[PDB]
Amino acid sequence: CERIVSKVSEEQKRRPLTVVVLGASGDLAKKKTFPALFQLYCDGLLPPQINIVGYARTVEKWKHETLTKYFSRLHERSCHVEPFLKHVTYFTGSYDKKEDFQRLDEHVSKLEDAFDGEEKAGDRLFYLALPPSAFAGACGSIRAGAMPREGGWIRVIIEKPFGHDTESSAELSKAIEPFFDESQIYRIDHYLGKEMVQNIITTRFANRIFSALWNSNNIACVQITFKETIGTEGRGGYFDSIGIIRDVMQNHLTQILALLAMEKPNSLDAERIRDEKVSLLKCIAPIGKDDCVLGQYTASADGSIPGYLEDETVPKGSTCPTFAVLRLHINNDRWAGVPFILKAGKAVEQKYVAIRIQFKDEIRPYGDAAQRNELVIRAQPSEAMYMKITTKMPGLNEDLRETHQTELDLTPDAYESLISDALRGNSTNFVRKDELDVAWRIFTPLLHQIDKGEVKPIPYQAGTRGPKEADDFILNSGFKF
Amino acid sequence: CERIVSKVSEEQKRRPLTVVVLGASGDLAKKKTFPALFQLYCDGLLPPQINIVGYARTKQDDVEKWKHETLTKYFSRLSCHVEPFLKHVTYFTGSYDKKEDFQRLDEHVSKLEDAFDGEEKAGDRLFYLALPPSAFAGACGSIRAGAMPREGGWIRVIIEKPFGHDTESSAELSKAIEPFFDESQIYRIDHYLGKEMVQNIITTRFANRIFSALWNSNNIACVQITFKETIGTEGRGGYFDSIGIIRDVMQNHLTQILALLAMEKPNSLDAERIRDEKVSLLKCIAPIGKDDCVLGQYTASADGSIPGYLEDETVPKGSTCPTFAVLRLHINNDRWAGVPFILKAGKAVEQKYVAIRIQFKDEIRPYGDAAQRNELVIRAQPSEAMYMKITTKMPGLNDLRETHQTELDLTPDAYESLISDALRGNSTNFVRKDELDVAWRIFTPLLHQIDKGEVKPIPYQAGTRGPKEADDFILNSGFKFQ
């Protein structure tokens, strides 16, 4: 076993803390949210007497059969389960009724009153593990009957997706505005909780080596790639209305892009970083249909993976893409002329999430005896960072032009990091309202053209790389194979 | 065992080849030269019918005795090819500075050329002067007068360090040799230019946009070039006393590394364009003043394991000879203005180490004190390596200011490489005449001050890092300790 060492600041031990997880009976709350809160407790990042309240429409048995079922690190951290569950309560009610939250306010005040300490005006964090259509209703009820006492703050975590295009996303944002302002809203794009995504800023802005290189004077091409070997796996009916671009590219990969391309913030203040992400996204023209290649996977030739259209849930004649390569143009002084390629595909040759920065040739004096340097940042399956460079061939050579390619190799759930950040008031890794709308406007005209059938995906066998047209598209964009 | 696969070009199998090693009884020839020729043979880089002629004053009636007790003792990776190799080796006895002893060599070598399997008998001839420095001029004169090749064949002469002990003496040696051979025929050895990591500097710098874009004073704060050895003079301090650490390692080896690290990009990868750029860089360096150095001289190791330097009976008493030196150089050109270059070399210190350290400027914002200067390290000894020191976010659950330092790590004898190059006519890794004079002018004013006693070395215990004054000298130069 191990001892719990509190890493929490004293400033956070001043007031009671209540974390209300709406939808506590739903899959996300019990598969992601509560398991994360448990790991946070074991990491010593929750204040000592936090109150965690599960909230669902549907108690000590429930805490031990359904919640712990999805916990992890049990062969090493099983000694802390009961002390953690001592912090968990269950509250039954609806998600959209004012009086059900007045009851919660009394129930939470009952837990707030039990804090060891004089201050009873506790801080309150609401995690809406709810379907998106319930966000506005819950936010309205919380505001009307569950605000904190004087002194304590309130924060509301909501997760993507907020809409499926500019219109739908903007309407949800407008519905929540009357109830909470941006300093109180914490929108989750869970890629921002990944270690490699958070390390982009430090890599870029703490090191002169990377700072001096990170512009169009030296970079030829940037690629951000998501690959998976699996398909839709029967649930193609849910994927058919989403598509690969909305599922991974408009949200996740575009967040990676914003961090990869933004200007340096003068400080590490949360809003200064989000200011620079927004400022970059505003430099990006809408993606036209000439800057994309779409694909839709068929049977794997081995029979292992069936075709996408072979799922009975998928409407026949579907134009839904399971593969997409997109080229974006960033119109500013750092990036003018540099192609940015977003690639994402299901049922391709390997499982892989990575960034590839291709540098310009050093044309002289080596010419063909050199190759473009690259920086690769890989997140999945295995984390890695390395530089590809040209070095002389080891051993006895006849001339300096004998070279080879070699590498300089670098030697916690996402919700844990984001929930911890929310508790501290750090919104760096959360999507701001204006950021959400700019990103939607980059992709929405293409998404509308696709839905109207103007862009027909190219068939490719499951397990291959994707349409051959996509590889030629990438080469004609300025990437060298 | 393994089979010998000839990697030699047809152009080199067309004529006889003879390699005459003068001074074959000396330490270098038997510890370095002949062992290298053996590896070249095993590597298939000597033409099939090569003739190797050992040449010394010492008579050895039984040549086969000499070949098997003194020559083979220093061969390596032993063993299936030893005897076939020695069948290529001859012994010739004579003086180094008498014309008629070389007329005899010419008849001996011509007989070997006439025995070549092939119609052309006009062989190429390579002379390796594994001799003390005073014999270089005499031997070259005798070679020219009585041992030149036939019409078709070329002649090349390899000369070993040292070439002088200051600008004046070095210029005289070159002037004494000018009447006998021109630069295209002279191959001056600095054996560091035969090391793999020294040869890779050019490629690292100029084949890669990553390093090319960074390699200037906008981004580099400090450059350090370091030679370290745990051993001392090892009894033979009397020969070291007239040399000094600066002449032994710094004026030649480390200054060659400096030239390759700091030069401009050559117009092509031709030998003369590369040497041109090294010369043009060295001409940007003002002579080192005595305020730009710290000297040391090692004493007993405090544990008794390693004795003091002055405790050797070969070392004159009152010796001011330095066994340790840190030097600061200023490169006055647009790439390097303001960037300190530190040359460090010391015997009998804490570790055995040859490396380059390029310290980059701080990225001041937005991390400030939560970041540290990046570094590029290129290490040759004890183990080859190249790596970048960078700042990365602290793994795990952290604010963004929790960082740690991490690294991107890169994933054949020198005389073997240089002799192979000489046999092919590639003089890239050999010191050109003008290159020698520019390098001497950097160090000679300080060397004269040291010989006159104007700069007294600081005692330091064997096995420590060296004088404390040297470590403070480096901090005041602009280096930040990691």
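Quick note, the sequences are listed as chains A and B, same order. Okay, so the first sequence: first residue is 1 according to the numbering used here, each after it adds one. Okay, so the second sequence: first residue is 1001 according to the numbering used here, each after it adds one. Even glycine gets a Cβ: it sits at the ideal position worked out from N, Cα and C.
task = Would you check if the region 1141–1152 of chain B and the region 1091–1108 of chain B touch, i.e. whether three or more CB-CB distances between them fall below 8 Å?
result = yes
Which residues DSSP lists as bridging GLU159 (chain A), in chain order = Locating residue 159 (chain A) in the first sequence gives position 159, where the first residue counts as 1. For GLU159 (chain A), which the question treats as bridged, DSSP gives the partners A:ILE188.
task = Compare the beta carbon distance of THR1323 (chain B) and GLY1453 (chain B) with 8 Å and say whether it is the shorter of the two.
result = Translated into the one-based positions of the second sequence, residue 1323 (chain B) becomes position 323. Translated into the one-based positions of the second sequence, residue 1453 (chain B) becomes position 453. No; because the gap between Cβ atoms is not below 8 Å, this pair is not in contact.
Secondary structure of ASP1303 (chain B), DSSP reduced to three states = For the purposes of this step, residue 1303 (chain B) is taken as residue 303 along the second sequence, with counting starting at 1. Coil.
ask   = Which of helix, strand or coil does DSSP assign to residue 487 (chain A)?
value = With chain A running from 1 to 481 in the structure shown, residue 487 (chain A) is simply not present.
request  = State the DSSP-derived secondary structure class of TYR1367 (chain B), mapped to helix, strand or coil.
outcome  = Counted from its first residue, the second sequence places residue 1367 (chain B) at position 367. In the structure shown, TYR1367 (chain B) sits in coil (DSSP, three-state: anything other than H, G, I, E or B).
task = Could you confirm whether any beta carbon from chain A is found closer than 8 Å to the beta carbon of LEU1214 (chain B)?
result = Mapped onto the second sequence, residue 1214 (chain B) falls at position 214. For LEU1214 (chain B), the answer is yes, since a Cβ of chain A falls inside 8 Å of its Cβ.
request  = Assess, as a yes-or-no matter, whether the region 295–313 of chain A is touched by the region 187–198 of chain A under the definition of 3 or more beta carbon pairs within less than 8 Å.
outcome  = no
ask   = Does the beta carbon of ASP1334 (chain B) come closer than 8 Å to any beta carbon on chain A?
value = Counted from its first residue, the second sequence places residue 1334 (chain B) at position 334. Judged by the 8 Å Cβ criterion, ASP1334 (chain B) is not in contact with chain A.
request  = Kindly list, in the order they appear in chain B, the residues whose Cβ is closer than 7 Å to that of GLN198 (chain A).
outcome  = To locate residue 198 (chain A), count along the first sequence from 1; it is residue 198. Correct list: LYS1393.
query = My guess is that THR1464 (chain B) and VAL1349 (chain B) are in contact by the Cβ rule of under 8 Å, so how many angstroms apart are they, rounded?
reply = Within the second sequence, residue 1464 (chain B) is the residue found at index 464, counting from 1. Within the second sequence, residue 1349 (chain B) is the residue found at index 349, counting from 1. Rounded, the Cβ-Cβ distance is 7 Å, consistent with contact.
request  = Can you tell me which of the three DSSP states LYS227 (chain A) falls into?
outcome  = Along the first sequence, one-based indexing puts residue 227 (chain A) at 227. Residue state, collapsed to three classes: strand.
key: Cβ separation of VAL1198 (chain B) and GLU1435 (chain B), assumed to be a contact under 8 Å, to the nearest whole Å   = Here residue 1198 (chain B) refers to the residue found at position 198 when the second sequence is read from its first residue. Here residue 1435 (chain B) refers to the residue found at position 435 when the second sequence is read from its first residue. Their Cβ separation, rounded to whole angstroms, is 15 Å, which puts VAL1198 (chain B) and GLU1435 (chain B) out of contact at 8 Å.
ask   = What are the boundary residues of the beta strand (DSSP E) that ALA1385 (chain B) is part of?
value = In the second sequence, counting from the first residue as 1, residue 1385 (chain B) sits at position 385. Counting along the chain, the beta strand (DSSP E) containing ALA1385 (chain B) begins and ends at 1385–1393.
ask   = Counting contacts by CB-CB distance shorter than 8 Å, is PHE359 (chain A) in contact with chain B?
value = Stepping through the first sequence from its first residue, residue 359 (chain A) is reached at position 359. It does; some Cβ of chain B falls within 8 Å.
Contact list for the region 263–282 of chain A against chain B, Cβ threshold 7 Å = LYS264, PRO265, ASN266, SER267 and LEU268
ask   = Taking buried to mean at least 16 other C-beta atoms within 10 Å of its own C-beta, is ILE176 (chain A) buried or exposed?
value = As a working mapping, residue 176 (chain A) is identified with position 176 in the first sequence. Flag for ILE176 (chain A) reads buried.
query = Okay, do the region 1336–1346 of chain B and the region 1225–1241 of chain B touch, 3+ Cβ pairs below 8 Å being the bar?
reply = yes
ask   = Roughly how many angstroms lie between the CA atoms of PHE443 (chain A) and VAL222 (chain A), to the nearest whole one?
value = What you label residue 443 (chain A) is simply residue 443 of the first sequence in a count that begins at 1. What you label residue 222 (chain A) is simply residue 222 of the first sequence in a count that begins at 1. If you take the alpha carbons of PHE443 (chain A) and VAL222 (chain A), they lie about 18 Å apart.
query = Of the choices A:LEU45, A:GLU60, A:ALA439 and A:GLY137, whose alpha-carbon is the least far from that of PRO178 (chain A)?
reply = Stepping through the first sequence from its first residue, residue 178 (chain A) is reached at position 178. When each option's Cα is compared against that of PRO178 (chain A), the closest is A:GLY137.
Cut-off 7 Å between Cβ atoms - residues of its own chain near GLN1405 (chain B), not counting five sequence neighbours on either side = As a working note, residue 1405 (chain B) is residue 405 in the second sequence. Once the five neighbours on either side are set aside, the close Cβ partners of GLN1405 (chain B) are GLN1372, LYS1389 and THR1391.
key: Distance between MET1386 (chain B) and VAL1339 (chain B) (C-alpha atoms, nearest Å)   = In the second sequence, counting from the first residue as 1, residue 1339 (chain B) sits at position 339. In the second sequence, counting from the first residue as 1, residue 1386 (chain B) sits at position 386. When rounded, the distance between both Cα atoms is 21 Å.
message = To the nearest angstrom, how far is the alpha carbon of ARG364 (chain A) from that of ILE1358 (chain B)?
response = Here the question's residue 364 (chain A) lines up with position 364 in the first sequence. Here the question's residue 1358 (chain B) lines up with position 358 in the second sequence. Cα-Cα distance, rounded: 23 Å.
task = Could you tell me which residues DSSP puts in a beta bridge with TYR127 (chain A)?
result = Counting from one through the first sequence, the residue named residue 127 (chain A) turns up at place 127. Note: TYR127 (chain A) sits in a beta bridge opposite A:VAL21 and A:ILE157.
inquiry  = Distance cutoff 8 Å, beta carbons only. Does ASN1208 (chain B) sit that close to anything in chain A?
reply    = Counted from its first residue, the second sequence places residue 1208 (chain B) at position 208. Yes, its Cβ sits closer than 8 Å to a Cβ of chain A.
ask   = Opposite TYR1074 (chain B) in the DSSP bridges: which residues?
value = What you label residue 1074 (chain B) is simply residue 74 of the second sequence in a count that begins at 1. Answer is none; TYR1074 (chain B) lacks a bridge partner.
message = With DSSP as the reference, identify every bridge partner of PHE1324 (chain B), one or two as the case may be.
response = For the purposes of this step, residue 1324 (chain B) is taken as residue 324 along the second sequence, with counting starting at 1. B:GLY1296 and B:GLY1346.
ask   = Exposed or buried, residue 1503 (chain B), counting other C-beta atoms within 10 Å across all chains shown (16 or more means buried)?
value = One cannot answer for residue 1503 (chain B) here, as it falls past the ends of chain B, which runs 1001 to 1482.
message = So, at 7 Å on beta carbons, what are the nonlocal neighbours of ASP1106 (chain B) in its own chain, with the 5 sequence-adjacent residues on each side left out?
response = For the purposes of this step, residue 1106 (chain B) is identified with residue 106 of the second sequence, where counting begins at 1. Taken in chain order, the residues that qualify are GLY1146 and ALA1147.
ask   = How many angstroms separate the CA atom of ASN426 (chain A) from the CA atom of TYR127 (chain A)?
value = Mapped onto the first sequence, residue 426 (chain A) falls at position 426. Mapped onto the first sequence, residue 127 (chain A) falls at position 127. In a straight line, the C-alpha of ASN426 (chain A) is about 16 Å away from that of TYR127 (chain A).
request  = Please specify which runs of the beta strand (DSSP E), each continuous and at least 3 residues long, are wholly inside the region 232–285 of chain A, giving them in chain order.
outcome  = none
query = Mind pulling the chain A residues with CB within less than 8 Å of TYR1387 (chain B)?
reply = Within the second sequence, numbered from 1, the residue matching residue 1387 (chain B) stands at position 387. Result: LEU408.
request  = Identify whether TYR1091 (chain B) lies in helix, strand or coil by the three-state DSSP scheme.
outcome  = Position 91 of the second sequence, counted from the start, is the residue given in the question as residue 1091 (chain B). Of the three classes helix, strand and coil, the one that applies to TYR1091 (chain B) here is strand, per DSSP.
ask   = When you compare only the Cα positions, how much space is there between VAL438 (chain A) and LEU447 (chain A)?
value = Within the first sequence, numbered from 1, the residue matching residue 438 (chain A) stands at position 438. Within the first sequence, numbered from 1, the residue matching residue 447 (chain A) stands at position 447. The alpha-carbon atoms of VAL438 (chain A) and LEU447 (chain A) are separated by roughly 15 Å.
ask   = Is it buried or exposed for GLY237 (chain A), if we count other Cβ within 10 angstroms and need 16 for buried?
value = Reading the first sequence from its first residue, position 237 is the one you call residue 237 (chain A). Exposed, because fewer than 16 other Cβ atoms sit within 10 Å of the Cβ of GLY237 (chain A).
key: Contacting residues, own chain, Cβ-Cβ under 6 Å from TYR90 (chain A) (five flanking each side not counted)   = The sequence position of residue 90 (chain A) within the first sequence is 90, counting from 1. Around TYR90 (chain A): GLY54 and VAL59.
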